[PDB]
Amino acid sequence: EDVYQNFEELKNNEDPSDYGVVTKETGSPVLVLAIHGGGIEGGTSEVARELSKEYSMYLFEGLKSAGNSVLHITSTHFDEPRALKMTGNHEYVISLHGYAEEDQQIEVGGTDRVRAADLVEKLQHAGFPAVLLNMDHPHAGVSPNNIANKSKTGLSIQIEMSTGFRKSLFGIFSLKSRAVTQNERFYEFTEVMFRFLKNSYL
């Protein structure tokens, strides 16, 4: 259960300094989406911002010192207006999430079945712990109500990264210091992503 059922309710209940919506619009067909950024699913902000060097980006960040879990709105309820505009303006969506798990794992889902499979293969061959989720797996990212699928095509890749995998990418795992302590593994991972996105979406 989320604390809030939609963005309007969150906005009505939370101080605006405690969260932040950030966009980068470049006209690229692909949109990188991180609706659980900041301290909600830590590290998804940093991955998104790095990929924004080449792609359009939507980011929703929890900015509290603690308790950002209350700002999580699940994808099928996430209706912040700038996200609705950005998703609808793009052809494809890559959506970044984090789930609680100490082992390093990357779970890949989404509606774009051939691209999701390719990504898993590329990640595996590059030495990263990716698995493909299929359509009946929980949190497979296939609902039409999922914000990531409200694009021009409906084709998405949903990347869920375990806590252990995200913690491996930063010297200090905090809101304050993740961005400035990105390590060699962080750039190795995002370079595999850059290579995949450029090849996969021509």
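Residue numbers here begin at 1 and follow the sequence given.
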Mean temperature factor over C-alpha atoms, higher-scoring stretch between 16-24 and 189-197: 189-197
Stretch exceeding the other in mean C-alpha B-factor - 53-61, 148-156: 53-61
Largest Cα B-factor, entry values, listed residues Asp79, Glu101, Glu107, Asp112: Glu101
Residue, from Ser45, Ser162, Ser177, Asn68, that the PDB entry assigns the highest Cα B-factor: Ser177
Ranked against its chain, the third holding the CA B-factor of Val131: lowest
Within-chain third of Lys122 by Cα B-factor, per the entry: highest
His36 CA temperature factor, ranked by third within the chain: lowest
